[PDB]
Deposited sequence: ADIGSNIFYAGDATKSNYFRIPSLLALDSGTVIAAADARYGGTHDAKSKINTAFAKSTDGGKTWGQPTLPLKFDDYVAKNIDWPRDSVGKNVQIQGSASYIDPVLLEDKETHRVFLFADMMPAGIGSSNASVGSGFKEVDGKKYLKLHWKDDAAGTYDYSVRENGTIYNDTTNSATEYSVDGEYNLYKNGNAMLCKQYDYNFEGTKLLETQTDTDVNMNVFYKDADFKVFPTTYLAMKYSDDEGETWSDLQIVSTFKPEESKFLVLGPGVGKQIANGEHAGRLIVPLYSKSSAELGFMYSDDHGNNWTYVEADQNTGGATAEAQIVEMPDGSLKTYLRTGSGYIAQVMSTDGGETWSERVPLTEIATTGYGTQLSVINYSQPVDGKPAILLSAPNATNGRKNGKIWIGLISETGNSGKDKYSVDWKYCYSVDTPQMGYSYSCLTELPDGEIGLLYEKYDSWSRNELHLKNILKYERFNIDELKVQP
């Protein structure tokens, strides 16, 4: 029979809505997953969103209680039905910080799991982020900048330095203030507190009000004593015990270009290179409104340092979400969304440092604004060939008609970026052409089965906002997918 949720309204997240699936089988056989826990309807930031996470230790069949490894506490986490009328549907939480659009990655060499998300200061999301990195240089060293509450609004005369100590940069001296690994604020070693906000509707009016509950004050919150520059940040935590415990929060977007408005994640999974001289490199897809649209961050030292790469010179700031697969020789093929009405592919022969021009992919119909996709390597040959799988909608209007494709890789006899071709030989229909189908993430489960976590609705449509239980999990055998329609 069926019968298919990981995250759902009423689970331990206390969220009624979810979006932006991520699904990843670990080298051990454990399977994990993540998604946005979108409390305030299915809206993008600005809102209140935490990153949810869950684990399966029976091969991706039974899923435990979800956890929230990236969370903010300025607004309460609760189950609330967001109005779906013509006016209220548009209403968003105004004053909350958020984590949005997750990426999971495993370093198989060290058995470390990384979870990434975009990290949005209170009231911010991509569309209203300010231009700039949010970091300053003090004596040539990058530090997160901070604005003190009694300084002028545009003045950021403070910085977070070693051990979370907050410095006054006009005198170069340590203050009595610091932040811990959540970026919560301390004064002379004592937790700073503020009241939590609640949210409730009265008709179509959204009331954001302080409660009596004290939470930690945090530099990402709307009226904290010190506050960050209001732009998009990239956050990461790692786990050496498959998500039992997590590290302190790393803000890894030190490299955010000063000309950029936002620089954010391509949701899904990252990749570790298996073959060739960059074997072991970890790479994570990004996009921006900047000098470049498509970009990546990579680490040659198992996660300690990250280098930013621009993949193009597009200043359009389209939603160029990408996912990455590896060819047998270790070169990379990236498949990305664009704002141009096709999925595009770009190639790299130097482990992701440089990339070819976009090739429009014509097997798949998509919309003008586009939809995220998922692409993965498969570990067993298919029809005697190395294979990749792609999941995406397939429709010119609307997010619908989801397919899983299988691509078979051949050496063309040519050189470099032209060395392989892919034959999209198979195409499996997940439901039917009229049924909603948006974001998705594939994984290869330990039994060679394919797992899929996906949005079973049109998450772009202003008429399908704020639907519950649309995030759906299914498993397939490879034979089932080998369809030729």
| item | value |
| --- | --- |
| In sequence order, the deposited-sequence ranges that have no modelled C-alpha atom | 4 |
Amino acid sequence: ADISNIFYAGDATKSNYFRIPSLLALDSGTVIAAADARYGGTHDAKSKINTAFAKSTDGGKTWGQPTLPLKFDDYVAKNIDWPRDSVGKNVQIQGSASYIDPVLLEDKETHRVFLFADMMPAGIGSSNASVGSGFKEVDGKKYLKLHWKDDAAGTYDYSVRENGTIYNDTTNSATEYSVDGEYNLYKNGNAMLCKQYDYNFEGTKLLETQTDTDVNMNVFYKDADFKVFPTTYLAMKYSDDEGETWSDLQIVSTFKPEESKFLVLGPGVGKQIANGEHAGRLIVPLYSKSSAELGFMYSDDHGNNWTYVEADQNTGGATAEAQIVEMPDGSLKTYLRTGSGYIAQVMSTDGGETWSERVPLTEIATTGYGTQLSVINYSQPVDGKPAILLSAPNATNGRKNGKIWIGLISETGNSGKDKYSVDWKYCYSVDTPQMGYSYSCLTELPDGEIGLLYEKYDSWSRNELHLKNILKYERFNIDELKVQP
From here on, numbers count along this sequence of modelled residues.
| query | finding |
| --- | --- |
| Stretch exceeding the other in mean C-alpha B-factor - 471 to 479, 15 to 23 | 471 to 479 |
| 117 to 125 set against 272 to 280, stretch whose average Cα temperature factor tops the other in the entry | 272 to 280 |
| Given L453, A54, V430, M435, the residue at which the Cα B factor reaches its maximum | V430 |
| Deposited CA B-factor, highest of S253, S379, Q372, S96 | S379 |
| Third of the chain's Cα B-factor distribution that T349 belongs to, per the entry | middle |
| Within-chain third of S288 by Cα B-factor, per the entry | lowest |
| Third of chain Cα B-factors occupied by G40 | lowest |
| Cα B factor band for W355 (lowest, middle or highest third within the chain) | middle |
| Third of the chain, ranked by Cα B-factor, where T67 sits | middle |
